[PDB]
Structures are given as C-alpha cells and as structure tokens.
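*Asks:* Okay, so here is entry.txt, and as you'll see once you scroll down, it has compact mmCIF, N, CA and C atoms and all ligand atoms.
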```
# COMPACT_ATOMS: atom_id res chain seq x y z
N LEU A 3 15.01 21.16 15.93
CA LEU A 3 13.92 21.29 14.90
C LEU A 3 14.40 21.71 13.51
N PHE A 4 15.44 22.53 13.45
CA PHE A 4 15.91 23.09 12.17
C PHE A 4 16.35 21.97 11.24
N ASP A 5 17.22 21.10 11.74
CA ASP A 5 17.71 20.01 10.91
C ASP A 5 16.58 19.02 10.53
N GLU A 6 15.61 18.83 11.43
CA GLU A 6 14.44 18.02 11.16
C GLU A 6 13.60 18.55 9.96
N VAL A 7 13.36 19.85 10.00
CA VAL A 7 12.57 20.50 8.97
C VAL A 7 13.36 20.52 7.64
N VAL A 8 14.65 20.86 7.70
CA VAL A 8 15.43 20.90 6.47
C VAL A 8 15.50 19.49 5.86
N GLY A 9 15.76 18.48 6.68
CA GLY A 9 15.78 17.13 6.16
C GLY A 9 14.49 16.71 5.47
N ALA A 10 13.36 17.02 6.09
CA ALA A 10 12.07 16.67 5.50
C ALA A 10 11.83 17.42 4.18
N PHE A 11 12.22 18.69 4.13
CA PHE A 11 12.09 19.46 2.91
C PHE A 11 12.90 18.83 1.81
N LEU A 12 14.15 18.51 2.11
CA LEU A 12 15.03 17.96 1.09
C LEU A 12 14.65 16.55 0.65
N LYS A 13 14.11 15.75 1.57
CA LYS A 13 13.80 14.34 1.28
C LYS A 13 12.55 14.18 0.40
N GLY A 14 11.57 15.08 0.56
CA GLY A 14 10.27 14.91 -0.14
C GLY A 14 9.66 13.55 0.17
N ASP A 15 9.20 12.85 -0.87
CA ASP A 15 8.57 11.56 -0.67
C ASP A 15 9.51 10.38 -0.96
N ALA A 16 10.82 10.63 -0.94
CA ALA A 16 11.80 9.56 -1.09
C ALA A 16 11.58 8.48 -0.03
N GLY A 17 11.70 7.22 -0.45
CA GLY A 17 11.58 6.10 0.47
C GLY A 17 10.15 5.69 0.81
N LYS A 18 9.16 6.32 0.17
CA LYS A 18 7.74 5.96 0.38
C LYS A 18 7.46 4.47 0.13
N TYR A 19 8.09 3.88 -0.89
CA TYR A 19 7.83 2.47 -1.18
C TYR A 19 8.39 1.52 -0.14
N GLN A 20 9.63 1.75 0.30
CA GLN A 20 10.20 0.93 1.40
C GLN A 20 9.32 1.05 2.64
N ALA A 21 8.84 2.25 2.91
CA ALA A 21 8.01 2.48 4.08
C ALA A 21 6.71 1.70 3.98
N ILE A 22 6.08 1.74 2.80
CA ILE A 22 4.81 1.05 2.64
C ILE A 22 5.07 -0.45 2.80
N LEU A 23 6.15 -0.95 2.18
CA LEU A 23 6.43 -2.40 2.22
C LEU A 23 6.61 -2.89 3.64
N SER A 24 7.43 -2.17 4.41
CA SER A 24 7.74 -2.50 5.80
C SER A 24 6.45 -2.45 6.60
N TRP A 25 5.65 -1.40 6.38
CA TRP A 25 4.39 -1.23 7.10
C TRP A 25 3.43 -2.40 6.82
N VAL A 26 3.34 -2.85 5.56
CA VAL A 26 2.44 -3.95 5.24
C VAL A 26 2.79 -5.17 6.10
N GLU A 27 4.07 -5.48 6.17
CA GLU A 27 4.51 -6.65 6.94
C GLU A 27 4.25 -6.45 8.45
N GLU A 28 4.47 -5.23 8.94
CA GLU A 28 4.27 -4.95 10.37
C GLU A 28 2.81 -5.06 10.76
N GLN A 29 1.92 -4.76 9.82
CA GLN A 29 0.49 -4.89 10.03
C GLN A 29 0.01 -6.35 9.96
N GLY A 30 0.92 -7.26 9.59
CA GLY A 30 0.64 -8.70 9.60
C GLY A 30 0.51 -9.29 8.19
N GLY A 31 0.86 -8.48 7.19
CA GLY A 31 0.90 -8.96 5.82
C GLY A 31 -0.24 -8.47 4.93
N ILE A 32 -0.05 -8.62 3.62
CA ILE A 32 -1.06 -8.10 2.69
C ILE A 32 -2.45 -8.71 2.89
N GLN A 33 -2.52 -9.99 3.28
CA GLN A 33 -3.80 -10.60 3.60
C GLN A 33 -4.62 -9.92 4.74
N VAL A 34 -3.96 -9.44 5.79
CA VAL A 34 -4.64 -8.66 6.83
C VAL A 34 -5.30 -7.41 6.24
N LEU A 35 -4.57 -6.72 5.36
CA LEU A 35 -5.08 -5.51 4.78
C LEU A 35 -6.26 -5.84 3.88
N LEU A 36 -6.15 -6.92 3.08
CA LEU A 36 -7.24 -7.34 2.19
C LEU A 36 -8.52 -7.62 3.00
N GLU A 37 -8.35 -8.32 4.11
CA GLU A 37 -9.51 -8.65 4.97
C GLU A 37 -10.14 -7.40 5.56
N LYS A 38 -9.31 -6.42 5.93
CA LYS A 38 -9.86 -5.15 6.43
C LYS A 38 -10.61 -4.37 5.37
N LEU A 39 -10.08 -4.36 4.14
CA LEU A 39 -10.80 -3.71 3.07
C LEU A 39 -12.17 -4.37 2.89
N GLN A 40 -12.18 -5.69 2.95
CA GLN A 40 -13.42 -6.46 2.77
C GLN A 40 -14.43 -6.27 3.90
N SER A 41 -13.95 -6.33 5.15
CA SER A 41 -14.82 -6.10 6.32
C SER A 41 -15.30 -4.63 6.42
N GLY A 42 -14.59 -3.71 5.75
CA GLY A 42 -14.88 -2.29 5.85
C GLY A 42 -15.74 -1.79 4.71
N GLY A 43 -16.28 -2.71 3.91
CA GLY A 43 -17.22 -2.34 2.86
C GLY A 43 -16.62 -1.98 1.53
N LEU A 44 -15.31 -2.19 1.38
CA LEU A 44 -14.61 -1.84 0.13
C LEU A 44 -14.37 -3.06 -0.75
N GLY A 45 -15.07 -4.16 -0.49
CA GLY A 45 -14.89 -5.37 -1.29
C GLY A 45 -15.09 -5.19 -2.80
N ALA A 46 -16.11 -4.40 -3.19
CA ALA A 46 -16.36 -4.21 -4.63
C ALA A 46 -15.22 -3.39 -5.27
N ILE A 47 -14.82 -2.31 -4.61
CA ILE A 47 -13.66 -1.53 -5.07
C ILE A 47 -12.40 -2.42 -5.09
N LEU A 48 -12.14 -3.17 -4.02
CA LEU A 48 -11.01 -4.10 -4.05
C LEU A 48 -11.08 -5.08 -5.25
N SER A 49 -12.27 -5.60 -5.56
CA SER A 49 -12.40 -6.57 -6.66
C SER A 49 -11.93 -5.98 -8.00
N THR A 50 -12.03 -4.66 -8.17
CA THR A 50 -11.60 -4.04 -9.42
C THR A 50 -10.05 -3.99 -9.50
N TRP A 51 -9.39 -3.89 -8.34
CA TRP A 51 -7.91 -3.92 -8.29
C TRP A 51 -7.39 -5.32 -8.53
N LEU A 52 -8.09 -6.32 -8.00
CA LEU A 52 -7.67 -7.72 -8.16
C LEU A 52 -7.85 -8.23 -9.61
N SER A 53 -8.87 -7.72 -10.28
CA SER A 53 -9.20 -8.17 -11.64
C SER A 53 -7.99 -7.93 -12.57
N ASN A 54 -7.74 -8.87 -13.49
CA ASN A 54 -6.71 -8.67 -14.52
C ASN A 54 -7.28 -8.14 -15.84
N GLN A 55 -8.57 -7.82 -15.84
CA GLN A 55 -9.22 -7.22 -17.02
C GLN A 55 -9.68 -5.79 -16.76
N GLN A 56 -10.07 -5.48 -15.53
CA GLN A 56 -10.69 -4.19 -15.18
C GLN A 56 -9.67 -3.13 -14.77
N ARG A 57 -10.02 -1.87 -14.99
CA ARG A 57 -9.25 -0.74 -14.47
C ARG A 57 -9.51 -0.57 -12.98
N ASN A 58 -8.49 -0.14 -12.24
CA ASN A 58 -8.64 0.09 -10.80
C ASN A 58 -9.64 1.19 -10.51
N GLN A 59 -10.69 0.88 -9.74
CA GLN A 59 -11.60 1.91 -9.20
C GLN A 59 -10.90 2.81 -8.16
N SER A 60 -11.15 4.11 -8.23
CA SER A 60 -10.56 5.05 -7.28
C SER A 60 -11.10 4.82 -5.86
N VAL A 61 -10.28 5.17 -4.86
CA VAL A 61 -10.63 5.14 -3.45
C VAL A 61 -10.06 6.40 -2.81
N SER A 62 -10.75 6.94 -1.81
CA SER A 62 -10.25 8.11 -1.11
C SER A 62 -9.42 7.74 0.10
N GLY A 63 -8.56 8.65 0.54
CA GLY A 63 -7.83 8.46 1.80
C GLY A 63 -8.79 8.24 2.97
N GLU A 64 -9.88 9.00 3.00
CA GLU A 64 -10.87 8.86 4.05
C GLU A 64 -11.45 7.44 4.03
N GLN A 65 -11.73 6.91 2.84
CA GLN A 65 -12.30 5.55 2.71
C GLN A 65 -11.32 4.53 3.25
N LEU A 66 -10.04 4.72 2.94
CA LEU A 66 -9.04 3.80 3.45
C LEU A 66 -8.84 3.93 4.95
N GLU A 67 -8.79 5.15 5.47
CA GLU A 67 -8.68 5.28 6.92
C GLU A 67 -9.87 4.60 7.61
N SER A 68 -11.06 4.69 7.00
CA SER A 68 -12.29 4.06 7.53
C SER A 68 -12.16 2.55 7.55
N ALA A 69 -11.66 1.97 6.47
CA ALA A 69 -11.60 0.52 6.37
C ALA A 69 -10.43 -0.09 7.14
N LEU A 70 -9.27 0.56 7.07
CA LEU A 70 -8.03 0.03 7.63
C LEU A 70 -7.86 0.36 9.08
N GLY A 71 -8.54 1.43 9.47
CA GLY A 71 -8.49 1.95 10.82
C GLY A 71 -7.47 3.07 10.93
N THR A 72 -7.77 4.03 11.79
CA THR A 72 -6.87 5.15 12.10
C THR A 72 -5.52 4.74 12.65
N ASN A 73 -5.49 3.77 13.56
CA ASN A 73 -4.20 3.34 14.10
C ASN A 73 -3.27 2.77 13.03
N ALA A 74 -3.82 1.89 12.19
CA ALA A 74 -3.04 1.31 11.07
C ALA A 74 -2.46 2.40 10.17
N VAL A 75 -3.30 3.34 9.78
CA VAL A 75 -2.82 4.40 8.88
C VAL A 75 -1.81 5.31 9.58
N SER A 76 -2.07 5.63 10.86
CA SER A 76 -1.15 6.43 11.66
C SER A 76 0.21 5.73 11.81
N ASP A 77 0.20 4.40 11.90
CA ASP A 77 1.44 3.62 11.94
C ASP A 77 2.31 3.92 10.69
N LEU A 78 1.69 3.94 9.52
CA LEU A 78 2.45 4.27 8.30
C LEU A 78 2.94 5.74 8.34
N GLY A 79 2.04 6.64 8.77
CA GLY A 79 2.35 8.07 8.88
C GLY A 79 3.57 8.22 9.77
N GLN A 80 3.59 7.50 10.89
CA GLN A 80 4.69 7.64 11.84
C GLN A 80 6.01 7.21 11.25
N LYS A 81 5.97 6.12 10.48
CA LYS A 81 7.15 5.64 9.81
C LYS A 81 7.71 6.69 8.87
N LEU A 82 6.82 7.43 8.20
CA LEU A 82 7.21 8.46 7.27
C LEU A 82 7.44 9.84 7.91
N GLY A 83 7.03 10.01 9.16
CA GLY A 83 7.16 11.31 9.85
C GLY A 83 6.02 12.27 9.53
N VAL A 84 5.00 11.77 8.85
CA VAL A 84 3.86 12.58 8.43
C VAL A 84 2.54 12.29 9.21
N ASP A 85 1.57 13.17 9.02
CA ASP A 85 0.25 13.01 9.63
C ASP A 85 -0.58 11.92 8.92
N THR A 86 -1.62 11.50 9.64
CA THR A 86 -2.46 10.38 9.20
C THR A 86 -3.15 10.62 7.86
N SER A 87 -3.56 11.86 7.61
CA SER A 87 -4.22 12.20 6.37
C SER A 87 -3.26 12.11 5.18
N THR A 88 -2.04 12.59 5.34
CA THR A 88 -1.06 12.45 4.26
C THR A 88 -0.79 10.96 3.99
N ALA A 89 -0.65 10.17 5.05
CA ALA A 89 -0.45 8.72 4.87
C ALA A 89 -1.64 8.07 4.16
N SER A 90 -2.87 8.47 4.49
CA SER A 90 -4.04 7.87 3.85
C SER A 90 -4.08 8.25 2.37
N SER A 91 -3.67 9.48 2.06
CA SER A 91 -3.66 9.92 0.67
C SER A 91 -2.60 9.14 -0.12
N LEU A 92 -1.45 8.88 0.49
CA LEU A 92 -0.38 8.07 -0.12
C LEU A 92 -0.92 6.67 -0.44
N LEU A 93 -1.61 6.08 0.54
CA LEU A 93 -2.19 4.77 0.32
C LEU A 93 -3.28 4.78 -0.73
N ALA A 94 -4.06 5.85 -0.81
CA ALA A 94 -5.14 5.89 -1.79
C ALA A 94 -4.57 5.89 -3.19
N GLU A 95 -3.39 6.50 -3.36
CA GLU A 95 -2.70 6.45 -4.68
C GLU A 95 -2.02 5.08 -4.90
N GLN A 96 -1.27 4.62 -3.90
CA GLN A 96 -0.36 3.50 -4.14
C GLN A 96 -0.94 2.12 -3.87
N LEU A 97 -1.81 2.01 -2.85
CA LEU A 97 -2.33 0.67 -2.51
C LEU A 97 -3.05 -0.03 -3.68
N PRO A 98 -3.89 0.67 -4.47
CA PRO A 98 -4.53 -0.01 -5.59
C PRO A 98 -3.51 -0.52 -6.60
N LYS A 99 -2.44 0.24 -6.83
CA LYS A 99 -1.39 -0.19 -7.78
C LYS A 99 -0.62 -1.38 -7.25
N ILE A 100 -0.39 -1.38 -5.94
CA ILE A 100 0.30 -2.50 -5.30
C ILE A 100 -0.53 -3.78 -5.39
N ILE A 101 -1.81 -3.67 -5.05
CA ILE A 101 -2.69 -4.85 -5.05
C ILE A 101 -2.86 -5.35 -6.47
N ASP A 102 -3.04 -4.44 -7.43
CA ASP A 102 -3.15 -4.83 -8.84
C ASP A 102 -1.87 -5.59 -9.30
N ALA A 103 -0.71 -5.03 -8.98
CA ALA A 103 0.58 -5.64 -9.34
C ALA A 103 0.78 -7.03 -8.72
N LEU A 104 0.23 -7.23 -7.52
CA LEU A 104 0.32 -8.52 -6.81
C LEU A 104 -0.66 -9.59 -7.29
N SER A 105 -1.51 -9.24 -8.23
CA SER A 105 -2.59 -10.17 -8.63
C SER A 105 -2.75 -10.31 -10.15
N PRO A 106 -1.64 -10.66 -10.85
CA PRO A 106 -1.76 -10.81 -12.29
C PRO A 106 -2.69 -11.98 -12.66
N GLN A 107 -2.83 -12.96 -11.76
CA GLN A 107 -3.74 -14.09 -12.01
C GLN A 107 -5.16 -13.83 -11.48
N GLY A 108 -5.40 -12.62 -10.96
CA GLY A 108 -6.71 -12.19 -10.45
C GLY A 108 -6.94 -12.37 -8.95
N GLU A 109 -5.92 -12.85 -8.24
CA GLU A 109 -5.93 -12.91 -6.78
C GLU A 109 -4.50 -12.66 -6.35
N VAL A 110 -4.36 -12.30 -5.08
CA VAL A 110 -3.01 -12.04 -4.56
C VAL A 110 -2.20 -13.33 -4.40
N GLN A 113 5.34 -15.88 -2.54
CA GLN A 113 4.00 -15.54 -2.05
C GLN A 113 3.91 -14.20 -1.33
N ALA A 114 2.94 -13.41 -1.79
CA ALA A 114 2.75 -12.06 -1.30
C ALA A 114 2.55 -11.94 0.22
N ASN A 115 1.78 -12.87 0.81
CA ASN A 115 1.50 -12.78 2.23
C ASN A 115 2.66 -13.16 3.15
N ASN A 116 3.49 -14.10 2.70
CA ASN A 116 4.59 -14.60 3.54
C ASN A 116 5.86 -13.74 3.52
N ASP A 117 6.34 -13.36 2.34
CA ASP A 117 7.37 -12.33 2.26
C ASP A 117 7.10 -11.43 1.07
N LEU A 118 6.67 -10.21 1.36
CA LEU A 118 6.27 -9.27 0.32
C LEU A 118 7.42 -8.94 -0.66
N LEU A 119 8.61 -8.64 -0.13
CA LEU A 119 9.74 -8.30 -0.99
C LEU A 119 10.03 -9.45 -1.94
N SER A 120 9.96 -10.68 -1.42
CA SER A 120 10.23 -11.86 -2.26
C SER A 120 9.18 -12.02 -3.38
N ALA A 121 7.91 -11.87 -3.03
CA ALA A 121 6.83 -11.87 -4.02
C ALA A 121 7.03 -10.77 -5.05
N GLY A 122 7.40 -9.56 -4.59
CA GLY A 122 7.71 -8.46 -5.50
C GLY A 122 8.87 -8.78 -6.43
N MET A 123 9.94 -9.35 -5.89
CA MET A 123 11.09 -9.71 -6.72
C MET A 123 10.70 -10.74 -7.80
N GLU A 124 9.89 -11.74 -7.44
CA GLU A 124 9.40 -12.74 -8.42
C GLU A 124 8.61 -12.06 -9.54
N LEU A 125 7.78 -11.08 -9.17
CA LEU A 125 6.98 -10.37 -10.18
C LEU A 125 7.85 -9.54 -11.13
N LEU A 126 8.82 -8.84 -10.55
CA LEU A 126 9.79 -8.08 -11.36
C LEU A 126 10.53 -9.03 -12.30
N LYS A 127 11.02 -10.13 -11.75
CA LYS A 127 11.76 -11.07 -12.60
C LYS A 127 10.86 -11.68 -13.66
N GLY A 128 9.57 -11.86 -13.36
CA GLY A 128 8.64 -12.36 -14.39
C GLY A 128 8.60 -11.44 -15.60
N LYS A 129 8.67 -10.13 -15.38
CA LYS A 129 8.69 -9.18 -16.52
C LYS A 129 10.00 -9.23 -17.31
N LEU A 130 11.05 -9.70 -16.67
CA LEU A 130 12.35 -9.84 -17.33
C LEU A 130 12.52 -11.21 -17.97
N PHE A 131 11.62 -12.15 -17.65
CA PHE A 131 11.60 -13.48 -18.21
C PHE A 131 10.81 -13.45 -19.48
NA NA B 1 -0.36 4.31 15.54
```
Written as structure tokens, how would this file's structure read?

*Replies:*
Amino acid sequence: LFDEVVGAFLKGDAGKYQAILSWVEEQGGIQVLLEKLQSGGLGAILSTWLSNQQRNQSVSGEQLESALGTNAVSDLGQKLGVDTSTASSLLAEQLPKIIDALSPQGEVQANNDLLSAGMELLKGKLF
C-alpha cells in the first residue's frame, strides 16, 4: 500500500488525457458516448458543445454519470485508480472541451480512430 499511495500522490492527474482517450475507444467510440448523452436527456447541453458559435454549457459529474451510466464512468475511474465521482468530475470538465474540439464544423474521423482525428485537428492548427 505504501508505494501505491506515494505513487498516486506524486502522479496527481498526470496521464488523464491518455486515459480518457483510451476509455472513449473502449466504450465503443465517441459516437456511443454522443448517443448516450442524447438518450439521457442531455441533447440540448450537447448541442451547445457541438456548435461552432456558442459557448459550452456546463454539465455536472452527476449529470454525466446519469447519462453515461455508472459502469461506463467507473470504467474510466478504474483506469485512473480513482472513484466514480472523481472520474465523473474529470469528465464534466474535459468532455465538453473534447466534443467542442472534435466539431469545428458543428458536428463530430473521430469515431473510427480518435487519436488520428485528434492528430488531424492539431495539424489543422499548424496548417
Ligand atoms: Na466498471
């Protein structure tokens, strides 16, 4: 336990982005998550993230755990070594920024290989 606790203290939130990326793909891709947000009543909030004119509407960790499901969120928590609530809070901060970044044309290739879609977007800013 000692080395486990010391490691977690020293690491902080390092590697959160790799974890989220891997988790998105393990859950079946960004499109699965989009559909869950939509079926879970967060379609209007999601529409503000997709828009290329509007500011992202805030969402709570609880709202995301509700829409995405406890198992899905716990899957990310497990990858990070943290509890489900900490994982939902991480997603509440980062997921809107991720979805916004993936939709410069107002919709979200992101679904087939996320890292590849991300690399194209990064390179677009360098082009
Ligand atoms: Na789980």

*Asks:* What does the structure give for the distance between atom C of residue 95 (chain A) and atom N of residue 6 (chain A), in Å to one decimal?

*Replies:*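 Spanning atom C of residue 95 (chain A) to atom N of residue 6 (chain A) is a straight-line distance of 27.7 Å.
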
*Asks:* Mind checking which residues fall within 9 Å of region 25-40 of chain A, counting only C-alpha atoms, ignoring those fewer than 3 positions away in the same chain, and posting them as a PDB file with N, CA and C atoms, in the coordinates of the input?

*Replies:*
```pdb
ATOM      1  N   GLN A  20       9.630   1.750   0.300  1.00  0.00           N
ATOM      2  CA  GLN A  20      10.200   0.930   1.400  1.00  0.00           C
ATOM      3  C   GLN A  20       9.320   1.050   2.640  1.00  0.00           C
ATOM      4  N   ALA A  21       8.840   2.250   2.910  1.00  0.00           N
ATOM      5  CA  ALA A  21       8.010   2.480   4.080  1.00  0.00           C
ATOM      6  C   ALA A  21       6.710   1.700   3.980  1.00  0.00           C
ATOM      7  N   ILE A  22       6.080   1.740   2.800  1.00  0.00           N
ATOM      8  CA  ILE A  22       4.810   1.050   2.640  1.00  0.00           C
ATOM      9  C   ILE A  22       5.070  -0.450   2.800  1.00  0.00           C
ATOM     10  N   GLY A  43     -16.280  -2.710   3.910  1.00  0.00           N
ATOM     11  CA  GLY A  43     -17.220  -2.340   2.860  1.00  0.00           C
ATOM     12  C   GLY A  43     -16.620  -1.980   1.530  1.00  0.00           C
ATOM     13  N   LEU A  44     -15.310  -2.190   1.380  1.00  0.00           N
ATOM     14  CA  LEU A  44     -14.610  -1.840   0.130  1.00  0.00           C
ATOM     15  C   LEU A  44     -14.370  -3.060  -0.750  1.00  0.00           C
ATOM     16  N   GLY A  45     -15.070  -4.160  -0.490  1.00  0.00           N
ATOM     17  CA  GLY A  45     -14.890  -5.370  -1.290  1.00  0.00           C
ATOM     18  C   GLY A  45     -15.090  -5.190  -2.800  1.00  0.00           C
ATOM     19  N   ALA A  46     -16.110  -4.400  -3.190  1.00  0.00           N
ATOM     20  CA  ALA A  46     -16.360  -4.210  -4.630  1.00  0.00           C
ATOM     21  C   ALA A  46     -15.220  -3.390  -5.270  1.00  0.00           C
ATOM     22  N   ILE A  47     -14.820  -2.310  -4.610  1.00  0.00           N
ATOM     23  CA  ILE A  47     -13.660  -1.530  -5.070  1.00  0.00           C
ATOM     24  C   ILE A  47     -12.400  -2.420  -5.090  1.00  0.00           C
ATOM     25  N   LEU A  48     -12.140  -3.170  -4.020  1.00  0.00           N
ATOM     26  CA  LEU A  48     -11.010  -4.100  -4.050  1.00  0.00           C
ATOM     27  C   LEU A  48     -11.080  -5.080  -5.250  1.00  0.00           C
ATOM     28  N   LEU A  66     -10.040   4.720   2.940  1.00  0.00           N
ATOM     29  CA  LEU A  66      -9.040   3.800   3.450  1.00  0.00           C
ATOM     30  C   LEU A  66      -8.840   3.930   4.950  1.00  0.00           C
ATOM     31  N   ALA A  69     -11.660   1.970   6.470  1.00  0.00           N
ATOM     32  CA  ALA A  69     -11.600   0.520   6.370  1.00  0.00           C
ATOM     33  C   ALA A  69     -10.430  -0.090   7.140  1.00  0.00           C
ATOM     34  N   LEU A  70      -9.270   0.560   7.070  1.00  0.00           N
ATOM     35  CA  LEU A  70      -8.030   0.030   7.630  1.00  0.00           C
ATOM     36  C   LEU A  70      -7.860   0.360   9.080  1.00  0.00           C
ATOM     37  N   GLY A  71      -8.540   1.430   9.470  1.00  0.00           N
ATOM     38  CA  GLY A  71      -8.490   1.950  10.820  1.00  0.00           C
ATOM     39  C   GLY A  71      -7.470   3.070  10.930  1.00  0.00           C
ATOM     40  N   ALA A  74      -3.820   1.890  12.190  1.00  0.00           N
ATOM     41  CA  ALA A  74      -3.040   1.310  11.070  1.00  0.00           C
ATOM     42  C   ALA A  74      -2.460   2.400  10.170  1.00  0.00           C
ATOM     43  N   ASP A  77       0.200   4.400  11.900  1.00  0.00           N
ATOM     44  CA  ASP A  77       1.440   3.620  11.940  1.00  0.00           C
ATOM     45  C   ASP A  77       2.310   3.920  10.690  1.00  0.00           C
ATOM     46  N   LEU A  78       1.690   3.940   9.520  1.00  0.00           N
ATOM     47  CA  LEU A  78       2.450   4.270   8.300  1.00  0.00           C
ATOM     48  C   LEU A  78       2.940   5.740   8.340  1.00  0.00           C
ATOM     49  N   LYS A  81       5.970   6.120  10.480  1.00  0.00           N
ATOM     50  CA  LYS A  81       7.150   5.640   9.810  1.00  0.00           C
ATOM     51  C   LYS A  81       7.710   6.690   8.870  1.00  0.00           C
ATOM     52  N   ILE A 101      -1.810  -3.670  -5.050  1.00  0.00           N
ATOM     53  CA  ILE A 101      -2.690  -4.850  -5.050  1.00  0.00           C
ATOM     54  C   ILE A 101      -2.860  -5.350  -6.470  1.00  0.00           C
ATOM     55  N   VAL A 110      -4.360 -12.300  -5.080  1.00  0.00           N
ATOM     56  CA  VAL A 110      -3.010 -12.040  -4.560  1.00  0.00           C
ATOM     57  C   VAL A 110      -2.200 -13.330  -4.400  1.00  0.00           C
ATOM     58  N   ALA A 114       2.940 -13.410  -1.790  1.00  0.00           N
ATOM     59  CA  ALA A 114       2.750 -12.060  -1.300  1.00  0.00           C
ATOM     60  C   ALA A 114       2.550 -11.940   0.220  1.00  0.00           C
ATOM     61  N   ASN A 115       1.780 -12.870   0.810  1.00  0.00           N
ATOM     62  CA  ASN A 115       1.500 -12.780   2.230  1.00  0.00           C
ATOM     63  C   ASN A 115       2.660 -13.160   3.150  1.00  0.00           C
ATOM     64  N   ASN A 116       3.490 -14.100   2.700  1.00  0.00           N
ATOM     65  CA  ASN A 116       4.590 -14.600   3.540  1.00  0.00           C
ATOM     66  C   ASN A 116       5.860 -13.740   3.520  1.00  0.00           C
ATOM     67  N   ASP A 117       6.340 -13.360   2.340  1.00  0.00           N
ATOM     68  CA  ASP A 117       7.370 -12.330   2.260  1.00  0.00           C
ATOM     69  C   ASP A 117       7.100 -11.430   1.070  1.00  0.00           C
ATOM     70  N   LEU A 118       6.670 -10.210   1.360  1.00  0.00           N
ATOM     71  CA  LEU A 118       6.270  -9.270   0.320  1.00  0.00           C
ATOM     72  C   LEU A 118       7.420  -8.940  -0.660  1.00  0.00           C
TER      73      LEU A 118
END
```

*Asks:* So the first atom is atom C of residue 125 (chain A) and the second is atom C of residue 59 (chain A); what is the distance between them in Å, to one decimal place?

*Replies:* 22.6 Å

*Asks:* For a quick check of understanding, using all atoms listed in the file, which of A:75, A:92, A:103, A:23 has the smallest distance to ligand NA 1 (chain B)?

*Replies:* A:75

*Asks:* Determine which residues of chain A DSSP labels as alpha helix (DSSP H) from the backbone of this structure, then write them out as a ChimeraX atom specification.

*Replies:* /A:4-13,18-28,32-41,45-52,63-70,72-82,86-103,118-130

*Asks:* Pick from A:17, A:79, A:122, A:42: nearest to ligand NA 1 (chain B), with all atoms listed in the file counted?

*Replies:*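 Answer, going by the shortest atom-to-atom distance: A:79.
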
*Asks:* Measuring between only C-alpha atoms and all ligand atoms, which one of A:119, A:80, A:113, A:90 shows the shortest distance to ligand NA 1 (chain B)?

*Replies:* A:80

*Asks:* Hey, which of A:91, A:120, A:49, A:76 ends up closest to residue 62 (chain A)? Count only N, CA and C atoms.

*Replies:*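 Nearest to residue 62 (chain A): A:91.
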
*Asks:* What does the structure give for the distance between atom C of residue 24 (chain A) and atom N of residue 83 (chain A), in Å to one decimal?

*Replies:*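 Taking atom C of residue 24 (chain A) and atom N of residue 83 (chain A), their separation equals 12.7 Å.
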